[PDB]
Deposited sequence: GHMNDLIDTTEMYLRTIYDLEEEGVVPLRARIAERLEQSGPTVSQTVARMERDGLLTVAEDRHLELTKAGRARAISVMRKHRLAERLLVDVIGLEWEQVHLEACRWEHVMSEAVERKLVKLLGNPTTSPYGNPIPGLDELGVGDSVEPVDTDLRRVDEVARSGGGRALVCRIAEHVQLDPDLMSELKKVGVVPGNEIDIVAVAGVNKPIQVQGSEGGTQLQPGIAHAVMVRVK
């Protein structure tokens, strides 16, 4: 199902850092759809093997070996997504799900060949930076703001830059986003909301759609 539990626990912790969410075990349970007790027993197993530590506030920190392995998996994931879009031509909504499995079986040898083939790519098809390209042997994004925060600050027009791994997990949503035109490199009109946990309305080039608070929080734009 996960193919590799450890790598997916490491990559879920990485995803949560990228999305500016506090990596609790409760996050890993929700996202990988596993029981609390399973997450604790697996995180305990990974703590023993020195891939992470559990702090006093019970948030998960990656060790030097952990962060290295997390980046390695995430690099394979986004080079996989690039290969499937640029060369193979797998449909936009199906790519992440495929890459979710591929990231666990790709050699560093193949990654090197893919960097050459894909012309030294720096971002996934979903606009996410590809890390760990230094390890293989091969931009100021502090101006980016989350669609939820933009909406809560009065909304306005914005350029779509990143869709998080979280959002990519739903093929039917990604198909909706593509048809209305909420994809990297397209403009959107974010409608203003006052309430937290309220669905944000967005208008694309070919219509508009509703984003849930956790989805909108995981879509980054430039206004």
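Enquirer: What's missing from the model if you number the deposited sequence from 1?
Expert: In the chain as deposited, 1-4, 143-147, 233 carry no coordinates.
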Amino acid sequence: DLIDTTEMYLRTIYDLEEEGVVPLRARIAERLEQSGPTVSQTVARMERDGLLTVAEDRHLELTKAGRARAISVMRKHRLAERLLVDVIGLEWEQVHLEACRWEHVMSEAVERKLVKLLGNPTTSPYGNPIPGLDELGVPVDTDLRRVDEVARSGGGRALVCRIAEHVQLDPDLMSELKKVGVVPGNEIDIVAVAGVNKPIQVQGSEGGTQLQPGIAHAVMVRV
From here on, numbers count along this sequence of modelled residues.
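Enquirer: Which wins on mean Cα temperature factor, 15-23 or 197-205?
Expert: It is 197-205 that shows the higher mean C-alpha B-factor.
Enquirer: If you take the mean CA temperature factor per stretch, which one wins between 144-152 and 69-77?
Expert: Taking the mean B-factor of the alpha carbons in each, 144-152 is higher.
Enquirer: At the C-alpha atoms, which of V43, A192, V167, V160 reaches the highest B-factor in this entry?
Expert: Most elevated C-alpha B-factor of the set, per the entry: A192.
Enquirer: Hey, out of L97, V110, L90, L136, whose CA B-factor is highest in the deposited coordinates?
Expert: Answer, based on the entry's C-alpha B-factors: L136.
Enquirer: Relative to the other modelled residues in the chain, which third contains the C-alpha temperature factor of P37: lowest, middle or highest?
Expert: Lowest third, going by the recorded CA B-factors of the chain.
Enquirer: Considering only modelled residues of the same chain, in which third does the CA B-factor of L177 rank: lowest, middle or highest?
Expert: Its C-alpha B-factor, which the entry lists for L177, ranks in the highest third among residues of this chain.
Enquirer: Considering every modelled residue of the chain and its Cα B-factor in the PDB entry, is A29 in the lowest, middle or highest third?
Expert: Ranked within chain, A29 CA B lands in the lowest tercile.
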